[PDB]
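A.B. asks: Below you'll find structure-v7.pdb; it's PDB, C-alpha atoms.
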ATOM      1  CA  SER A  22       8.421  23.781 -21.276
ATOM      2  CA  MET A  23      11.672  21.919 -20.850
ATOM      3  CA  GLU A  24      11.322  22.319 -17.056
ATOM      4  CA  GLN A  25       7.818  20.612 -17.185
ATOM      5  CA  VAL A  26       9.248  17.728 -19.235
ATOM      6  CA  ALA A  27      12.110  17.115 -16.756
ATOM      7  CA  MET A  28       9.569  17.044 -13.915
ATOM      8  CA  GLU A  29       7.541  14.570 -15.978
ATOM      9  CA  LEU A  30      10.609  12.324 -16.532
ATOM     10  CA  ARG A  31      11.260  12.402 -12.697
ATOM     11  CA  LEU A  32       7.574  11.539 -11.929
ATOM     12  CA  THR A  33       7.753   8.705 -14.455
ATOM     13  CA  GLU A  34      10.894   7.288 -12.866
ATOM     14  CA  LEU A  35       9.409   7.596  -9.354
ATOM     15  CA  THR A  36       6.459   5.671 -10.774
ATOM     16  CA  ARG A  37       8.769   2.977 -12.168
ATOM     17  CA  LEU A  38      10.425   2.609  -8.755
ATOM     18  CA  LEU A  39       7.116   2.588  -6.822
ATOM     19  CA  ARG A  40       5.848  -0.193  -9.160
ATOM     20  CA  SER A  41       8.770  -2.427  -8.192
ATOM     21  CA  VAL A  42       8.199  -1.558  -4.530
ATOM     22  CA  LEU A  43       4.463  -2.388  -4.888
ATOM     23  CA  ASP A  44       5.263  -5.741  -6.552
ATOM     24  CA  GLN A  45       7.690  -6.559  -3.744
ATOM     25  CA  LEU A  46       5.190  -5.697  -0.976
ATOM     26  CA  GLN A  47       2.410  -7.666  -2.657
ATOM     27  CA  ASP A  48       4.677 -10.786  -2.855
ATOM     28  CA  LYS A  49       4.662 -10.578   0.932
ATOM     29  CA  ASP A  50       0.896 -11.239   0.757
ATOM     30  CA  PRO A  51       0.842 -14.668  -0.927
ATOM     31  CA  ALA A  52      -2.680 -15.384   0.353
ATOM     32  CA  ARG A  53      -3.973 -12.260  -1.529
ATOM     33  CA  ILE A  54      -5.850 -11.061   1.627
ATOM     34  CA  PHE A  55      -5.025  -7.414   0.626
ATOM     35  CA  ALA A  56      -5.245  -7.772  -3.207
ATOM     36  CA  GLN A  57      -8.714  -6.151  -3.620
ATOM     37  CA  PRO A  58     -11.056  -3.851  -1.733
ATOM     38  CA  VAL A  59     -13.063  -5.310   1.104
ATOM     39  CA  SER A  60     -16.432  -6.282  -0.512
ATOM     40  CA  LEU A  61     -19.422  -4.088   0.534
ATOM     41  CA  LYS A  62     -21.796  -6.783  -0.714
ATOM     42  CA  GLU A  63     -20.087  -9.225   1.778
ATOM     43  CA  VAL A  64     -19.193  -6.744   4.584
ATOM     44  CA  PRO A  65     -22.054  -4.234   4.309
ATOM     45  CA  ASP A  66     -21.172  -2.400   7.544
ATOM     46  CA  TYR A  67     -17.469  -1.967   6.602
ATOM     47  CA  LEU A  68     -17.653   1.791   6.031
ATOM     48  CA  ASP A  69     -19.147   2.323   9.521
ATOM     49  CA  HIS A  70     -15.866   0.904  10.788
ATOM     50  CA  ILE A  71     -13.229   2.025   8.358
ATOM     51  CA  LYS A  72     -13.363   5.530   6.853
ATOM     52  CA  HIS A  73     -10.565   5.202   4.318
ATOM     53  CA  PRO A  74     -10.347   1.653   2.861
ATOM     54  CA  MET A  75      -7.298   0.655   0.961
ATOM     55  CA  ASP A  76      -6.003  -2.373  -0.961
ATOM     56  CA  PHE A  77      -3.280  -3.281  -3.407
ATOM     57  CA  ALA A  78      -5.435  -2.997  -6.584
ATOM     58  CA  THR A  79      -6.548   0.504  -5.652
ATOM     59  CA  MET A  80      -2.883   1.525  -5.013
ATOM     60  CA  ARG A  81      -2.093   0.071  -8.439
ATOM     61  CA  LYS A  82      -4.762   2.179 -10.241
ATOM     62  CA  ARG A  83      -3.376   5.290  -8.554
ATOM     63  CA  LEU A  84       0.241   4.273  -9.277
ATOM     64  CA  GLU A  85      -0.453   3.853 -13.025
ATOM     65  CA  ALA A  86      -2.226   7.242 -13.144
ATOM     66  CA  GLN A  87       1.051   8.634 -11.660
ATOM     67  CA  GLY A  88      -1.001   9.647  -8.655
ATOM     68  CA  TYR A  89       1.785   9.290  -6.104
ATOM     69  CA  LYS A  90       3.917  12.484  -6.064
ATOM     70  CA  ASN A  91       6.402  11.044  -3.512
ATOM     71  CA  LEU A  92       7.180   7.943  -1.389
ATOM     72  CA  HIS A  93       5.394   9.390   1.656
ATOM     73  CA  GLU A  94       1.985   9.334  -0.099
ATOM     74  CA  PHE A  95       2.590   5.745  -1.216
ATOM     75  CA  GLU A  96       3.587   4.696   2.346
ATOM     76  CA  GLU A  97       0.378   6.308   3.691
ATOM     77  CA  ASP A  98      -1.706   4.073   1.446
ATOM     78  CA  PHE A  99       0.245   0.955   2.480
ATOM     79  CA  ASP A 100      -0.141   1.730   6.133
ATOM     80  CA  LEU A 101      -3.902   2.155   5.609
ATOM     81  CA  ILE A 102      -4.022  -1.392   4.338
ATOM     82  CA  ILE A 103      -2.356  -2.628   7.506
ATOM     83  CA  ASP A 104      -3.997  -0.304   9.970
ATOM     84  CA  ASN A 105      -7.503  -0.849   8.657
ATOM     85  CA  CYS A 106      -7.088  -4.579   8.930
ATOM     86  CA  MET A 107      -5.680  -4.394  12.487
ATOM     87  CA  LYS A 108      -8.651  -2.399  13.683
ATOM     88  CA  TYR A 109     -11.471  -4.250  11.944
ATOM     89  CA  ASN A 110     -10.175  -7.746  12.670
ATOM     90  CA  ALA A 111      -9.358  -9.135  16.092
ATOM     91  CA  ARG A 112      -5.900 -10.175  17.159
ATOM     92  CA  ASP A 113      -6.556 -13.937  16.918
ATOM     93  CA  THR A 114      -7.538 -13.984  13.233
ATOM     94  CA  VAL A 115      -5.859 -14.936  10.009
ATOM     95  CA  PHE A 116      -6.433 -11.394   8.706
ATOM     96  CA  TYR A 117      -4.826  -9.520  11.589
ATOM     97  CA  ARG A 118      -1.964 -11.966  11.634
ATOM     98  CA  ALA A 119      -1.462 -11.523   7.840
ATOM     99  CA  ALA A 120      -1.192  -7.702   8.369
ATOM    100  CA  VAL A 121       1.357  -8.001  11.112
ATOM    101  CA  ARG A 122       3.485 -10.119   8.726
ATOM    102  CA  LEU A 123       3.041  -7.779   5.773
ATOM    103  CA  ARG A 124       4.036  -4.881   7.999
ATOM    104  CA  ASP A 125       7.134  -6.620   9.379
ATOM    105  CA  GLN A 126       8.207  -7.956   5.944
ATOM    106  CA  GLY A 127       7.402  -4.749   4.082
ATOM    107  CA  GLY A 128       9.587  -2.681   6.471
ATOM    108  CA  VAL A 129      12.791  -3.887   4.817
ATOM    109  CA  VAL A 130      11.546  -3.113   1.284
ATOM    110  CA  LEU A 131      10.495   0.375   2.471
ATOM    111  CA  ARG A 132      13.724   1.003   4.380
ATOM    112  CA  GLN A 133      15.633   0.518   1.128
ATOM    113  CA  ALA A 134      13.219   2.316  -1.196
ATOM    114  CA  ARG A 135      13.568   5.467   1.009
ATOM    115  CA  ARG A 136      17.350   5.340   0.539
ATOM    116  CA  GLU A 137      16.912   4.857  -3.303
ATOM    117  CA  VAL A 138      14.533   7.872  -3.616
ATOM    118  CA  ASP A 139      16.808  10.130  -1.465
ATOM    119  CA  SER A 140      19.866   8.824  -3.381
ATOM    120  CA  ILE A 141      18.448   9.039  -6.959
ATOM    121  CA  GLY A 142      16.507  12.285  -6.188
TER     122      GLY A 142
END
Take the structure in the file and write it out as structure tokens.

C.D. replies:
Amino acid sequence: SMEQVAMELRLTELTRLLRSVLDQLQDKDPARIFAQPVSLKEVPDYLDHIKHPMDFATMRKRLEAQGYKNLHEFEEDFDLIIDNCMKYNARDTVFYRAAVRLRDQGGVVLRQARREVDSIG
């Protein structure tokens, strides 16, 4: 139907916007600490600690399968990245400190993307 197509053009444009947002947030991780899933070969106990792992590559697979229906769902996945890190790693570590910075620096990008999604519909 024509309705289903118009929905599909909206999803596709939300996907285009979320891709730009993802690229912006990932630039705020120049050390690539959050680029890829935590290795289970190298951190075998990780799933005992963290029940829903998340990372930028995994967000990217979902993004390109148009798996985010709205900005909220996308934000949930980003927060998992940060929140998982801040639990598993202690305060005085490069990893925790890199999350705090990604959180603080991402906030601006996310502030504006919420306005653009509301605005553009």

A.B. asks: Counting all atoms listed in the file, figure out which residue out of A:103, A:26, A:38, A:138 gets nearest to residue 126 in chain A.

C.D. replies: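 Looking only at the distances to residue 126 in chain A, the closest residue turns out to be A:103.
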
A.B. asks: At a cut-off of 12 Å, using all atoms listed in the file, what residues contact residue 135 in chain A? Leave out same-chain residues fewer than 2 positions from it and give the result as a count of residues only.

C.D. replies: 21

A.B. asks: How close does each residue of range 80-139 of chain A get to range 71-75 of chain A, giving the shortest atom pair and distance in Å to one decimal for every residue with an atom at most 7 Å away, counting only C-alpha atoms, sorted by chain and residue number, as CSV?

C.D. replies:
residue,atom,partner,partner_atom,distance
A:98,CA,A:75,CA,6.6
A:101,CA,A:75,CA,5.9
A:102,CA,A:75,CA,5.1
A:105,CA,A:71,CA,6.4

A.B. asks: Give me the residues within 9 Å of residue 79 in chain A as number ranges by chain, counting only C-alpha atoms and dropping any in the same chain fewer than 4 places off.

C.D. replies: A: 56-58, 75, 83-84

A.B. asks: Would you mind telling me which residue in A:111, A:23, A:90, A:77 lies nearest to residue 47 in chain A when using only C-alpha atoms?

C.D. replies: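 With only C-alpha atoms as the atom set, the closest residue is A:77.
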
A.B. asks: Counting all atoms listed in the file, which of A:67, A:116, A:86, A:76 gets nearest to residue 99 in chain A?

C.D. replies: A:76

A.B. asks: So how many Å separate CA of residue 136 in chain A and CA of residue 118 in chain A, to one decimal?

C.D. replies: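 Taking CA of residue 136 in chain A and CA of residue 118 in chain A, their separation equals 28.2 Å.
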
A.B. asks: Quick one: what's the axis-aligned box for range 59-62 of chain A, all listed atoms, 4 Å on every side, centre and edges in Å to one decimal, as lines of an AutoDock Vina configuration file?

C.D. replies:
center_x = -17.4
center_y = -5.4
center_z = 0.2
size_x = 16.7
size_y = 10.7
size_z = 9.8

A.B. asks: With distances taken over all atoms listed in the file, which residue among A:48, A:63, A:34, A:69 lies nearest residue 127 in chain A?

C.D. replies: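 Result for the nearest residue to residue 127 in chain A: A:48.
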
A.B. asks: Smallest atom-to-atom distance to residue 64 in chain A: which of A:30, A:109, A:122, A:100, using only C-alpha atoms?

C.D. replies: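 Closest to residue 64 in chain A, using only C-alpha atoms: A:109.
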
A.B. asks: What's the separation between CA of residue 55 in chain A and CA of residue 134 in chain A, in Å to one decimal place?

C.D. replies: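 So the answer is 20.8 Å.
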
A.B. asks: Provide the CA of residue 121 in chain A to CA of residue 43 in chain A distance in Å, to one decimal place.

C.D. replies: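 Spanning CA of residue 121 in chain A to CA of residue 43 in chain A is a straight-line distance of 17.2 Å.
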
A.B. asks: Under the rule that all atoms listed in the file are counted, which of A:70, A:53, A:31, A:37 is the nearest residue to residue 108 in chain A?

C.D. replies: A:70
